[PDB]
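Participant: these chains are from a complex, not moved at all, and more is on the way:
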Amino acid sequence: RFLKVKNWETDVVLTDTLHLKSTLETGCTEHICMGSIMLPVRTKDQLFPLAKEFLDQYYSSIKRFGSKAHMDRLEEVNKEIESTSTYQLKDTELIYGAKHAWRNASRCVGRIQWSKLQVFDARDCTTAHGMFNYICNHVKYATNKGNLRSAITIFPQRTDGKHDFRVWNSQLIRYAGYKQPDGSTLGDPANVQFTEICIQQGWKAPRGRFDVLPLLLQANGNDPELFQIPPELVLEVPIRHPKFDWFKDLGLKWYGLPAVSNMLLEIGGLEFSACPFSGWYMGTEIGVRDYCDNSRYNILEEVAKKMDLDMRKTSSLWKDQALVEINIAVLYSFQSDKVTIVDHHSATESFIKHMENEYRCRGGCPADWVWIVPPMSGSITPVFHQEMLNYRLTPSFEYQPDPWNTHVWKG
């Protein structure tokens, strides 16, 4: 079967055949669409078929499908599964797998970059201290003094689900949040609960608006342990505005390295529950979401106050006005300090070209419109007008529940 997507701005029509390779379920049915729902121990039995699909994909990509080397590898993996109930990926397979999870990530606007990914193999890691060292190195390599490079660090896979490696932080670098007795929050409201766990674990909190959280790291299913990232490894940008000189006195800064640490990487049936990865920011993630969400730093009022905007009626678009200025400041600040950042115009335009290329060479590009369209100025970006098909390919990145909800405390 063949499915068409249309771009309503250009009349370009594309044909999807790749969706035929899709296995996992979407959440949707013929009766209900769940496209805006945020979240819609394997046996030998189910594992070998998952391994086989994967290795067939891998061997096709290197143009060796059906080769003696392909067949020997199937036999070898088969025999490893029947003997040990699991198997180990070769380095080449791990790299290919991790690149493809990113390529298959339908919510990611940054995928033009998928084939340039530094893979760090951390499968020999055994302790929390080991994990801290690997992560420090990842941070330093990725930051590259402002000239950001994409990377992922892959810790040992799940075995019986009782010995999982996990990073408890949702991102490697994030700011503390402190709920006050009067109901107000200091710092990032998104991180209150995690900040609380850190404090209970023995973190001494500075209690300011921008305290970089400590890493909380779990190796081999053990209770997690705290570590401070060396501050000299944590690149930060003070936010100022090209024309507004009072902007600096708001006291805003942000970190340069966005690095997701709470997802699960699946490759050929194997589950890597600790696989932190990082790229670089699109400006709107900080300027729109982190600064302007009501449940985040929520700076719209204060910025609009200082701007002397008419704040008495929403119909003045004071919020919209202040939002643009904040986002201008973020892009200007990163650019001035030579820290890699991309604006939402350039990022969406590059995504469109990537997507078209993927249709020509791969037969499709799964994409989640709800996420791909930026959270400001939607329809003046070309993605707004782009019909997209969303479906699940493996290898993949998956959401996993926060570990403090599941962990068996050992004491």
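Facilitator: Received the coordinates, thanks. Numbers count the residues shown, from 1 in each chain, chains lettered A, B, ... in the order given.
Participant: Just to be sure, residue A:6 is in a strand?
Facilitator: Yes. Assessed with DSSP: H, G, I helix; E, B strand; the rest coil, residue A:6 lies in a strand.
Participant: gap between it and residue A:385?
Facilitator: Using CB to CB, to the nearest Å, one obtains 9 Å as the distance from residue A:6 to residue A:385. (Each C-beta comes from the backbone N, C-alpha and C, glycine too.)
Participant: And for residue A:342?
Facilitator: Taking CB to CB as the measure, residue A:342 and residue A:385 are separated by 20 Å.
Participant: For these two, indicate the residue with more neighbours.
Facilitator: Legend: neighbour count by other CB atoms under 10 Å for residue A:342 and residue A:385, higher for residue A:342 (19 against 15).
Participant: May I have the beta-bridge partners of that one?
Facilitator: For residue A:342, the beta-bridge partners under DSSP bridges are residue A:282.
Participant: same check, this time on residue A:118
Facilitator: Beta-bridge pairing of residue A:118 under DSSP bridges involves residue A:151.
Participant: Tally up the residues packed near it, please.
Facilitator: If you count neighbours by other CB under 10 Å, residue A:118 ends up with 16.
Participant: Show the contacting residues for it.
Facilitator: Taking CB atoms under 8 Å, 6 or more residues apart in numbering as the criterion, residue A:118 is in contact with A:141-142, A:149-152.
Participant: Same check on residue A:380?
Facilitator: Shown here is residue A:380, whose contacts under the criterion CB under 8 Å, 6+ apart are residue A:345.
Participant: if I look at it, how far off is residue A:176?
Facilitator: Using CB to CB, we find residue A:380 at a distance of 36 Å from residue A:176.
Participant: and what of residue A:375?
Facilitator: Using CB to CB, which is the criterion applied here, residue A:375 is 24 Å from residue A:176.
Participant: So the two - more neighbours on which side?
Facilitator: Comparing residue A:375 with residue A:176 by neighbour count (other CB under 10 Å), the higher total belongs to residue A:176, at 25 against 16.
Participant: From what I see, the more buried one and residue A:196 are in contact.
Facilitator: No. Using CB atoms under 8 Å, residue A:176 and residue A:196 do not qualify as a contacting pair, with a distance of 9.8 Å.
Participant: thinking again about what came up before, any idea which of the contacts of residue A:118 is closest to residue A:398?
Facilitator: Using CB to CB, residue A:152 is the member of these that lies nearest residue A:398, at 14.5 Å.
Participant: Ignoring the adjacent residues along the chain, who's closest to residue A:310?
Facilitator: When the adjacent residues along the chain are set aside, residue A:310 lies closest to residue A:316, with 4.3 Å between them (CB to CB, 6 or more residues apart in numbering).
Participant: Please read the previous query as pertaining to residue A:36.
Facilitator: Distances taken as CB to CB, 6+ apart place residue A:370 nearest to residue A:36, at 5.4 Å, with adjacent residues excluded.
Participant: Can you give me the neighbour number for that neighbour?
Facilitator: Burial measure for residue A:370: 13 neighbouring residues, criterion other CB under 10 Å.
Participant: re earlier: any chance of the contacts of residue A:118 in CSV, plus neighbour count and distance to residue A:338?
Facilitator: Putting the contacts of residue A:118 into CSV (neighbours: other CB atoms under 10 Å; distance: CB to CB, whole Å) gives the following:
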residue, neighbour count, distance to residue A:338
A:141, 14, 17
A:142, 26, 15
A:149, 15, 14
A:150, 17, 18
A:151, 24, 19
A:152, 28, 24
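Participant: Same list, those, but as JSON lines with distance to residue A:163 please.
Facilitator: Rendered in JSON lines, the data for the contacts of residue A:118 read as follows (distance: CB to CB, whole Å):
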{"residue": "A:141", "distance to residue A:163": "27"}
{"residue": "A:142", "distance to residue A:163": "28"}
{"residue": "A:149", "distance to residue A:163": "31"}
{"residue": "A:150", "distance to residue A:163": "29"}
{"residue": "A:151", "distance to residue A:163": "25"}
{"residue": "A:152", "distance to residue A:163": "21"}
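Participant: Go ahead and add chain B:
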Amino acid sequence: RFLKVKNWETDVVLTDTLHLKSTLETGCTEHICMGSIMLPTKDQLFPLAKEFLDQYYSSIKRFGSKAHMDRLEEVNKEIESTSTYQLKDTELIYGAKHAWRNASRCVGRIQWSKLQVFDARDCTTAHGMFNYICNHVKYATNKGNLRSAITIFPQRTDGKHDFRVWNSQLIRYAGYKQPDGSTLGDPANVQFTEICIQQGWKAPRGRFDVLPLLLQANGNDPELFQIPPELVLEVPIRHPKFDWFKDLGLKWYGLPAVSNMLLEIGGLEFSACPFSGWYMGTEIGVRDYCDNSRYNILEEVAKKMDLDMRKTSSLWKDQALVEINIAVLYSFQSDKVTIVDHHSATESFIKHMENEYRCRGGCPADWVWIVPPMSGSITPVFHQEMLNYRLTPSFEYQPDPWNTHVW
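Facilitator: Time to bring in chain B:
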């Protein structure tokens, strides 16, 4: 079976059961989501009629009453004999209000029960259609104090005798291709603007020429009529701070009135059913003015603002977009023509959702259309999970008639 929706800003969780009454198909499967795709007999008619009359009699609290049973028999007898049936006035009013209530792409449904219904089922000619339409336009406009309305022409029969309004909206501006290579006026309507000239319209060939109506009665060839200019309320666009803005020569019409959809009530198909409410500001200022394939005015506005258009990262498009939208709202407000901003509209829709969850057990909603085309995440709808499903009565898209009609 019982599904939950979460708002990620407020933590409010709502439970949906209304979807279990869902009937039509979405386009999506377990393998593929099509959420962002724009277009994804006697035996057949009676279940549809029964389903409808059951919900109608349930709504007036007479489910399983004698009047209920009597009406089901009457409609069944009429189908068996005539191969169709006619709605009581009460059933028409209810059906049309509920089609709006079930419209998952409509942010404005808080208003659903205040809908003036104009029964035009006795219409027989294009001239008749024109008279009903002018009356609709004048009633709804109300000198700027807009009132929601729909006018409903006769239902489909053998399908060779359809009533259709060929315009996509009652009021829209002409579009003309030029030797120059570019486009004058609204590029969205070029094709239609040509069909009108092909039918004998003398086009003024300006930037903002109100199009003629092109009305099809009883499956006949369609005819042209100019809406009396004094009935088309228009708004000149100025900025509260930028003096120069007015010199761009921009204006828009006050009445949005969708005329190309198909209203389905209890299995019956009303193919000409123009309806109207009032504008959310972004439709005009973001989409009509700034879409690249529309009036596409960002380039010119940014130039007057003397912004740095050298690089995309100066956010010059974004700055201009905001001012253009401030102007649209200000102009409408100054001339006392109803308009709603996207903040107030989306806030209203959240309240409507909560009302519908407690009262009805849910609210079908299409997040891709509900979230405004600017400033998405600073409106509350961005953070609201929504479930999308199809209920009847409903409004459905139908293809442009010129593709289908034979002359």
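Participant: now that chain B has been added, could you go back to the neighbour count of residue A:370?
Facilitator: A total of 22 residues lie near residue A:370 under the criterion other CB atoms under 10 Å in any protein chain shown.
Participant: Equivalent analysis for residue A:199, please.
Facilitator: Close neighbours of residue A:199, defined as other CB under 10 Å, add up to 14.
Participant: Please apply the same query to residue A:162.
Facilitator: Here the number of neighbours of residue A:162 (other CB under 10 Å) works out to 10.
Participant: and it, what element?
Facilitator: Mapping residue A:162 onto the secondary structure by DSSP states H and E places it in no helix or strand at all.
Participant: what sits against it?
Facilitator: When the contact criterion is CB atoms under 8 Å, 6 or more residues apart in numbering or on different chains, the partners of residue A:162 are A:221, A:408.
Participant: which residues of the stretch 201-350 of chain A fall in strands?
Facilitator: Read by DSSP state E, counting those that start in this stretch, the stretch 201-350 of chain A holds these strands, from start to end of the chain: A:215-218, A:225-227, A:236-238, A:253-255, A:259-260, A:264-267, A:270-272, A:277-278, A:281-282, A:341-342.
Participant: Of those, which is nearest chain B?
Facilitator: Proximity of the strands of the stretch 201-350 of chain A to chain B was assessed by CB to the nearest CB; the nearest stretch is strand A:341-342, lying at 8.4 Å.
Participant: on that earlier part again, highest mean neighbour count out of the strands of the stretch 201-350 of chain A?
Facilitator: Sort the strands of the stretch 201-350 of chain A by mean neighbour count, taking mean count of other CB atoms under 10 Å in any protein chain shown, and strand A:277-278 sits at the top with a mean of 26.
Participant: so what's the nearest residue in space to residue A:383 that is not next to it in sequence up against?
Facilitator: On the basis of CB to CB, 6 or more residues apart in numbering or on different chains, the spatially nearest residue to residue A:383 that is not a chain neighbour turns out to be residue A:348, at 4.4 Å. Contact analysis of residue A:348 by CB under 8 Å, 6+ apart lists A:109, A:372-374, A:381-383.
Participant: now residue A:348: how far from chain B?
Facilitator: Noted for residue A:348: a distance of 10 Å to chain B, by CB to the nearest CB, to the nearest Å.
Participant: Tell me the residues of the stretch 151-300 of chain A that contact chain B?
Facilitator: A:283, A:288-289, A:292-295, A:300 (CB under 8 Å from any CB of the partner chain).
Participant: I'd like to know which of the residues you listed are buried.
Facilitator: The neighbour-count test (16 or more other CB atoms under 10 Å in any protein chain shown) marks A:283, A:288-289, A:292-293, A:300 as buried among these.
Participant: can you put those residues in JSON lines and add distance to residue A:20?
Facilitator: Converted to JSON lines, those look like this (distance: CB to CB, whole Å):
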{"residue": "A:283", "distance to residue A:20": "37"}
{"residue": "A:288", "distance to residue A:20": "36"}
{"residue": "A:289", "distance to residue A:20": "35"}
{"residue": "A:292", "distance to residue A:20": "41"}
{"residue": "A:293", "distance to residue A:20": "38"}
{"residue": "A:300", "distance to residue A:20": "46"}
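Participant: ok, the residues you listed vs residue A:358, which is closest?
Facilitator: Top of the list for closeness to residue A:358, among these and by CB to CB, is residue A:283 at 24.5 Å.
Participant: Help me confirm that that closest one comes into contact with residue A:340.
Facilitator: No. Counting by CB under 8 Å, residue A:283 stays clear of residue A:340, with 11.2 Å between them.
Participant: now the strands of the stretch 201-350 of chain A as a markdown table including distance to residue A:358?
Facilitator: Listed next are the strands of the stretch 201-350 of chain A as a markdown table, based on distance: least, CB to CB, whole Å:
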| stretch | distance to residue A:358 |
| --- | --- |
| strand A:215-218 | 35 |
| strand A:225-227 | 39 |
| strand A:236-238 | 32 |
| strand A:253-255 | 31 |
| strand A:259-260 | 22 |
| strand A:264-267 | 20 |
| strand A:270-272 | 25 |
| strand A:277-278 | 20 |
| strand A:281-282 | 19 |
| strand A:341-342 | 19 |
